[PDB]
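Down below is the structure, laid out as structure tokens.
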Amino acid sequence: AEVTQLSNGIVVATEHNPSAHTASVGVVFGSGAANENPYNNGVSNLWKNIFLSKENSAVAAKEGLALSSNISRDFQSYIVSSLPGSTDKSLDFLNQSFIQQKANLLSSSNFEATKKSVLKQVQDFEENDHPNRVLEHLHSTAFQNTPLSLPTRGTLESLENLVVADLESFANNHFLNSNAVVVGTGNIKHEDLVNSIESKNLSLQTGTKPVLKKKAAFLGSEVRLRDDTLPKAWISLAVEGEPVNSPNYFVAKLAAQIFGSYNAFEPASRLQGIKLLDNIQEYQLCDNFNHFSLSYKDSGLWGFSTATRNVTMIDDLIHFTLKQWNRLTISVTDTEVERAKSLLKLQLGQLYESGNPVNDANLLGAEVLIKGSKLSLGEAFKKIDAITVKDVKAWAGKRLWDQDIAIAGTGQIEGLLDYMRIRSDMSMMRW
Amino acid sequence: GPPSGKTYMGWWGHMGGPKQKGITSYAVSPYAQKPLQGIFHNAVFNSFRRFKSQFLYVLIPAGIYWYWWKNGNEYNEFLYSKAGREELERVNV
């Protein structure tokens, strides 16, 4: 297992695996939804569905290729997959359809049909997908009036004002050679890829991207979307967390692993070594929860999400969870830290060593764009093993004890108390 | 114990109002706000209209009762002086 970075004008990164049976080749750009403004929000999500449109997918399918695309807050990628003997055809398809010609894809008949399909997807997301849209509303209230607040899909109000000239204006500012990384994963050797690119003279455009002026900033706030005709309540809560390239990046992920995830209907999930589960199962305070530690280029979020049918005891669920977060400053034990070390290593090993080269192409390109290289899994395991109890207590005294929070919620949330009752539970008046 | 009678108020989660749909609310933490931004723009204009759009319901009944008490006090003072001695035997009949 080894990565190889090489620059000749174009940054080329590979990750060779001679045991895999497919190969994957694409390009990742270093702009996401946090490089848009409130008037062209959704222009990245439209460029994805233009690339995945029917006439473009049909040209690829006669060659034997498949297409993927992903939109995030800091990056976006466009990936072609094939059998290991036809990576030259997949690199040709990325040259013709995406680099040279774009007036074929941006015809008026293709643009209006794609815009209709995207507007239906965003409408069905806002009406049916309740856990993921509460987490989207948590980002917009915590980073309000700041580039990290814009949703990755766009809104229905901002998507209908978009024309063809808005997509060409975004492509001239961000789809550049100094913003791009060419990636290759699966069964493909590194020097075979750099000689196929150098046998041509690929270059997107010369110049740099615009520089935004407002930096990300956390603000303690809340947003409530009450809907009494829904059968549950869905709540997210977080503090300000760690960015990428932070010295406390792995300590924050281990602290979330201490409290973990839960499913009340799976019998083995009920037997986990988490002390919070004693209070919750006595009166059945929720159906599921999960803790997270998200990281971006400038900021991050640390907290949990939950879903509940017990709508008269919502205040007991928030109170018991926040009293366990107080113990990370005061009285976290050594056996809880050793359990979280083994489970964080199992979770990280499953994320980076799945058998999908499309997942590996997204992870490799996003990390080379920020850091310039990639940290191996062997070196990440040695940083996790060196964390002590005193590292956890010093991190939680800075980020958790007596700090501001952000709350989002939907459904039957009448039993959720107001902000200052929840804010005062971030300290004990004992220590 | 036995269940109670029917009231018009419940508790948290079953308070007993109508069903709500379509209303969004927003709030900001008090730790991130400016400290004490009221004595001005509230003693300028706010704490004058809040009672002087109401002053006429108080001062018309106050002026009626103050005129009545002051008029009766001056008549009792006249009756027990030297000049009001002759009227005093007439009205104590």
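By convention here, the chains of the structure tokens are called A, B, ... in the order presented, each chain's residues are numbered starting at 1, and ligands are numbered starting at 1 in the order presented.
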Spatial neighbours of residue 310 in chain A, max dist 7 Å, only C-alpha atoms, sep filter under 4 positions, as a list in words: residues 285, 286 and 314 of chain A
Test item: chain A residues at most 7 Å from chain B, counting only C-alpha atoms, as a ChimeraX atom specification: /A:220-228,311-312,414-415
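Using only C-alpha atoms, the residues found no farther than 12 Å from residue 166 in chain A, other than those of its own chain fewer than 5 positions away, are residues 36, 37, 39, 40, 41, 42, 43, 44, 46, 47, 106, 158, 159, 160, 161, 171, 172 and 173 of chain A.
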Shell around residue 343 in chain A at 10 Å using only C-alpha atoms, local window under 3 positions removed, as a VMD selection string: chain A and resid 254 257 to 258 260 338 to 340 346 to 349
Next, dump the selected residues to file, keeping only N, CA, C and O atoms, as an mmCIF file, in the first residue's frame.
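Produced file selection.cif, reproduced below:
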```
data_model
loop_
_atom_site.group_PDB
_atom_site.id
_atom_site.type_symbol
_atom_site.label_atom_id
_atom_site.label_comp_id
_atom_site.auth_asym_id
_atom_site.auth_seq_id
_atom_site.Cartn_x
_atom_site.Cartn_y
_atom_site.Cartn_z
ATOM 1 N N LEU A 254 -11.772 10.449 18.607
ATOM 2 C CA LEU A 254 -11.824 9.450 19.668
ATOM 3 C C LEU A 254 -12.858 9.809 20.728
ATOM 4 O O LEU A 254 -13.471 8.913 21.317
ATOM 5 N N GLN A 257 -16.185 8.618 19.548
ATOM 6 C CA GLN A 257 -16.273 7.163 19.608
ATOM 7 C C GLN A 257 -16.605 6.654 21.009
ATOM 8 O O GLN A 257 -17.112 5.537 21.138
ATOM 9 N N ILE A 258 -16.352 7.456 22.047
ATOM 10 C CA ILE A 258 -16.678 7.068 23.420
ATOM 11 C C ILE A 258 -18.187 6.937 23.599
ATOM 12 O O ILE A 258 -18.675 5.985 24.220
ATOM 13 N N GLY A 260 -20.535 7.104 20.790
ATOM 14 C CA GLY A 260 -20.865 6.162 19.731
ATOM 15 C C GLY A 260 -22.265 6.273 19.140
ATOM 16 O O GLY A 260 -22.874 7.342 19.088
ATOM 17 N N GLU A 338 -9.435 3.084 26.294
ATOM 18 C CA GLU A 338 -8.884 1.930 25.586
ATOM 19 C C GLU A 338 -9.919 1.277 24.679
ATOM 20 O O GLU A 338 -9.570 0.744 23.621
ATOM 21 N N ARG A 339 -11.192 1.289 25.087
ATOM 22 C CA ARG A 339 -12.255 0.761 24.238
ATOM 23 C C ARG A 339 -12.451 1.624 22.997
ATOM 24 O O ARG A 339 -12.638 1.100 21.893
ATOM 25 N N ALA A 340 -12.382 2.948 23.155
ATOM 26 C CA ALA A 340 -12.545 3.854 22.027
ATOM 27 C C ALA A 340 -11.367 3.811 21.064
ATOM 28 O O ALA A 340 -11.534 4.162 19.894
ATOM 29 N N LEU A 346 -10.929 0.251 14.043
ATOM 30 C CA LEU A 346 -11.763 -0.595 13.198
ATOM 31 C C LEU A 346 -12.603 0.239 12.237
ATOM 32 O O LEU A 346 -12.809 -0.154 11.085
ATOM 33 N N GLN A 347 -13.077 1.402 12.689
ATOM 34 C CA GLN A 347 -13.904 2.262 11.847
ATOM 35 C C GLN A 347 -13.083 2.936 10.752
ATOM 36 O O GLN A 347 -13.540 3.046 9.611
ATOM 37 N N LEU A 348 -11.873 3.396 11.083
ATOM 38 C CA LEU A 348 -11.006 4.013 10.081
ATOM 39 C C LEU A 348 -10.496 2.990 9.079
ATOM 40 O O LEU A 348 -10.324 3.307 7.897
ATOM 41 N N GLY A 349 -10.243 1.762 9.532
ATOM 42 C CA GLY A 349 -9.787 0.724 8.628
ATOM 43 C C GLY A 349 -10.853 0.256 7.660
ATOM 44 O O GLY A 349 -10.534 -0.213 6.567
#
```
Separation of CA of residue 315 in chain A from CA of residue 16 in chain B in Å: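 So the answer is 18.2 Å.
The space separating CA of residue 233 in chain A from CA of residue 309 in chain A comes to 6.6 Å.
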